[PDB]
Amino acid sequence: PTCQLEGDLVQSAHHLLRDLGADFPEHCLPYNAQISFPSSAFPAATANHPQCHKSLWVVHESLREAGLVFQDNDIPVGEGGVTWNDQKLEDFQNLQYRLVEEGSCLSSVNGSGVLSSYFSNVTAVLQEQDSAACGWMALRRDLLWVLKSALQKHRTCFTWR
């Protein structure tokens, strides 16, 4: 295994996740107290220090932990649920799985608890029926940002073509 995250998969995962839903709704704003992605998890790249290992770790670990969230929690669909494109969701999850498997070496090093703490807060919101839809929408918002930011600020860390 060459342990690399393929940029084309990351870009396509971002596009599918973008296209399957809508903007984060105003009524979900209070959940930002609980679901606040630690943007400081990404390193500040400098000349000769792209910090690709840490940047790829943030992407891989966020996708791995989100995979567990999808496995362990039902998405509500009715009123009080989310209105997502289920076919594009399945396609996103297939790309997510490919990225998590190919980057397994990035999870072989224990990281700071900063990401696990974020996902523990997401889980708590998802596992109460009255807050679940907002939790799903906040998670999607943050995963979109993780993928967008990695491509915008850490493009060189992915393998292309």
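Heads up: residue numbers just count along the shown sequence, starting at 1.
Here 58 to 66 and 102 to 110 are compared by their mean Cα B-factor, and 102 to 110 comes out higher. Look at the C-alpha B-factors of 42 to 50 and of 29 to 37. On average they run higher in 42 to 50. Ranked within its chain, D19 lands in the middle third, by CA B factor from the PDB record.
In this PDB entry, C157 carries a Cα temperature factor that places it within the lowest third of its chain's modelled residues.
Per the PDB record, residue ranking by Cα B-factor puts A133 in the middle third of the chain.
Sorting the modelled residues of the chain by their CA temperature factor places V125 in the middle third.
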